[PDB]
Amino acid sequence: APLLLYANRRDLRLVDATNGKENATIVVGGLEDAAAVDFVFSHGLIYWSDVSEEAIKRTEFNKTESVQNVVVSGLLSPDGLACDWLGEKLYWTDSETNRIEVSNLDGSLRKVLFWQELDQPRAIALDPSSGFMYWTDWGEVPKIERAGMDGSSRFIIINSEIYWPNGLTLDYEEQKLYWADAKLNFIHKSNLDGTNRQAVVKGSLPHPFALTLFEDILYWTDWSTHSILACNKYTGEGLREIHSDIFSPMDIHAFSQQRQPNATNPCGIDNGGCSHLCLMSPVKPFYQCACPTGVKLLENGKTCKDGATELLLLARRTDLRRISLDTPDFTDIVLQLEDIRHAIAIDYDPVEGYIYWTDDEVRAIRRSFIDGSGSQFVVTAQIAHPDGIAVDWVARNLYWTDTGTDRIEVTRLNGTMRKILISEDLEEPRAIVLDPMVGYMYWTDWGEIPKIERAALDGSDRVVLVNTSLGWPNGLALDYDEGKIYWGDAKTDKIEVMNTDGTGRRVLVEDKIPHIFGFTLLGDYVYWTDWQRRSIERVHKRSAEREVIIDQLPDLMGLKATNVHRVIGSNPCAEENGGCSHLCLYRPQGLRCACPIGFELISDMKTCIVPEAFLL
C-alpha cells in the first residue's frame, strides 16, 4: 500500500494506506509556508523547506516533536529538495538565488555545486545508483538538466517542448525519467540521456505540480483542483483521482523504502570518502572529493585546505558578511552576528582572527570571530562617527578616525589605553590606512579644504600628501610592496593613484562613487562598491579593467580584502611592545612609548604612572 507524502504549506502530510478510510496524517505541523520535502527512509528522516522562514528542516518519523534546523541562512526560495540515501548527502535548488547546493544530512559541510547559467531551478531528482542528479530550471529559456552529483558534466538533455517544466521523478526499474509541465499540461518520459522523448499523458488534461510514482502508477498534485491524481505509467489511461480535498498540496513523494533502492557506496565506511565531502560520481572511482564553499582542494585531491586563504569582508547596515577569494563562485556571501545597527568601517587581524568594525548609531567598536561567538565590545565611550578603522597587526593596537569629534585615536586591540593622536579644528578625519613597517599612518579627511594627510604611527610628523582637485575623498587602500596608495573621491567621481610620497599621481578610472564607500586592495585586485551599494566590483590595479563579482546586495557600507592568518611586515614594537608599559607607537626614526589619558611618562621614556600617587 503506497503511502504518499506531501507538503501542504501549513503542515507536512502522509496519506494513502491502501487508498481507504481517508487517514491523512499530519506528520509535522505548525509550519508557516512549506514547499519541498523528502526523506532518508532508513534513518527515518523527513526534510522540508519553508519559504517564509528561509530554512530547511528535518524530523524523526517516530512519535516525536524532534525538529532540527538544517539550513537557516543563504536561502530565499528553496522549492526543490532531494536526499541522497546512499552517499548520505542533502541536495536542494533555490529558485531565486539561482544556486544548487549540497550538505551532509545535518546541514554541515555546505557546498555550492552550480551557480552559473541557472534560471529558477526548481524540481530536483537524484540517481544515487549512478552518479546523476537531474533538475529543471525554467525562465527566459526553460530546460531540464543532468549532471553528476559531484558538480561534473553538466549536460542539457531536454530543452524543447517545455514550458515551466514540472516535477522530476525517475523509474529505476526502467532506467527512464519522467517529467511534467505546469503550463503545456502534459506528462512525458525519456531515457536517462536526452533520448527517446515519449508522451505518457500528452493532451492538455494534466496540470501537475509535483510528480511521483510507485509500481506503474504516476501520482501528482493539481493545486488548482486541490486534488491528487494518478494514471498508467505507460499511457494516460486509468486517470482517477485519489481521495483529495487538500488545502494547497505542493511537493509530494511516494513514501516507500522501495523508492530508494540501496546499494554499494562508492566510498566505504572506510575513508569516509575524503576529508570533508565524498560525493557520488560517474567518474571512474564513482566517488569524488569536495570542500565546503570557498575552500580549495589540494593537488592530491581528497584533502581540503583549511578555510579560505584570502577573504573579502563586507559590512552592510545590519550585518557583516564574508566572501571568499579562493574560488570562482564568489557571490557566496555568508554572514553572522546580532544587534548590528548601522555598520560603517571594517578591518581584520589575521593573527587572532578578529574582525573589527564600527557602528555609528550604536556609536561603538566591536570584534568577532567571523562565524564565531567572537563578539565582544571594544570601545563604547566618547565616539561619534567612526567612519574608518585600521588594525595595526604588529604593535597590536587599534586605530580609528571620528567625523563628529574630528579626531584620530589609538587603543590596544581590546580597547584599553585610549589616546588621542590627532585633533584638527577645521578638517575632519574619515578613512585611514596603516604601514606598521616604515611606521606611517595615512588618512583621508574631509572639510573645507579636503586633503589627504600622512603621519608617523603616533601622529607626530604631519605631512599633507594631497591638497588639490579633491572634493570628498572616500576609500583609501594601500599597495605595500609597490609603494602606491589608491583612493577615491565622491565629489569628483574618479579613482586615482599615487606614489607613497605623493608624486606618481594620476586618475586610474572614472567612477560614480557613493558617499559611504567600500574600497580595499589585495593581490593586484581592488574591490569597491557601486553607486547604488548593491554590487561589488573587482578591478585590476595593474591592468585597469573592471568586473562585478556580486550584485543585488543592498546597503553595502565598507569592505576589507585580507589574507586569513597570513601576516606581513614588522618593527621593534613587536618585541615585548617596544619596552613600553602601555602604548608603543612606531616611527621612521624609531618607536616612541605613550600613555593613556591622565598618565605620565617617566624618564625611562618607557614607563607610565599616575602622578601624585605614591612616594616610592
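Start at 1 and count along the sequence shown; that's the residue number.
- 413-421 and 136-144 differ in mean CA B-factor, and the higher of the two is recorded for 136-144.
- Here 362-370 and 515-523 are compared by their mean Cα B-factor, and 515-523 comes out higher.
- Looking only at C274, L90, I408, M149, the residue with the top Cα B factor in the deposited structure is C274.
- Per the PDB record, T225 has a higher Cα B-factor than any other of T225, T293, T309, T97.
- Annotation for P121: C-alpha temperature factor in the middle third relative to the rest of the modelled chain, per the entry.
- Sort the chain's modelled residues by C-alpha temperature factor and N571 lands in the middle third, per the entry.
- Ranked within its chain, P350 lands in the lowest third, by CA B factor from the PDB record.
- The entry lists a Cα temperature factor for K491 that places it in the highest third of the chain's modelled residues.
- Split the chain's modelled residues into thirds by C-alpha temperature factor. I26 is in the highest one.
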